[PDB]
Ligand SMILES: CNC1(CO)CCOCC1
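In the block that follows, a single chain appears as structure tokens, in the form solved without this ligand.
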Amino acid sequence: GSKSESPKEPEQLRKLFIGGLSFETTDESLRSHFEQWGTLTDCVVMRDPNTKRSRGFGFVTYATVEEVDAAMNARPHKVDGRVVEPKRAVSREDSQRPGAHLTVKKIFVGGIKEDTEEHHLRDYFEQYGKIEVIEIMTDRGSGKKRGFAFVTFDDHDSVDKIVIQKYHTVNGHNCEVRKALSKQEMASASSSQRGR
């Protein structure tokens, strides 16, 4: 502990979702591990109410969002001899979508203006994290860079920071954002290519 701090961030903004735990991972063990990076205020492994065994996922709540980020960047993690995937505690609106707690570093931005530049949304979304590339989707009718855009992040954490808020104000305009799944992720089918 010991930090001159007064948290301003809601539980969802300082809680992490731990995926891929062991079948024997306890909440005491889960805390103890992630507590290395910051003060945990809460921790619980989602166990079965029937047999009281671990469902292989849980959550850890940090004191401050900053301590969360330090745990985010510290990935990958290993609790109980198990490679665990700490992620952002997705808001129930976005967590109601297919592939919400999955590792998604892509977001959709729709319902924008007559044109929007990379510089606009890149400079905005980069506040949340490092961006790999920006996908600007063009209009087929007008030929303008409008209608919707896509943003590729280096980490899933930055995307999840964003999808927590379905609508964001970019360049003085409220645009809609959400999880954007990669085409492989969306298909989930047997891709058989041999260079072709």
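Quick note: we count residues from 1 along the sequence shown, nothing fancier.
Same protein, other form: the form deposited with this ligand bound, not shown, and the subject of what follows.
- Blocked site. This ligand, superposed from its pose in the deposited complex, has 3 or more atoms within 2.4 Å of backbone or C-beta atoms of the chain shown.
- Among residues of the shown chain, residue 63 is not one whose heavy atoms approach this ligand to within 4.5 Å in the deposited complex.
- Contact check for residue 163: a non-hydrogen atom falls within 4.5 Å of this ligand in the deposited complex.
- Residues are counted as partner-facing when one of their heavy atoms sits within 4.5 Å of this ligand in the deposited complex; in 111 to 145 not one qualifies.
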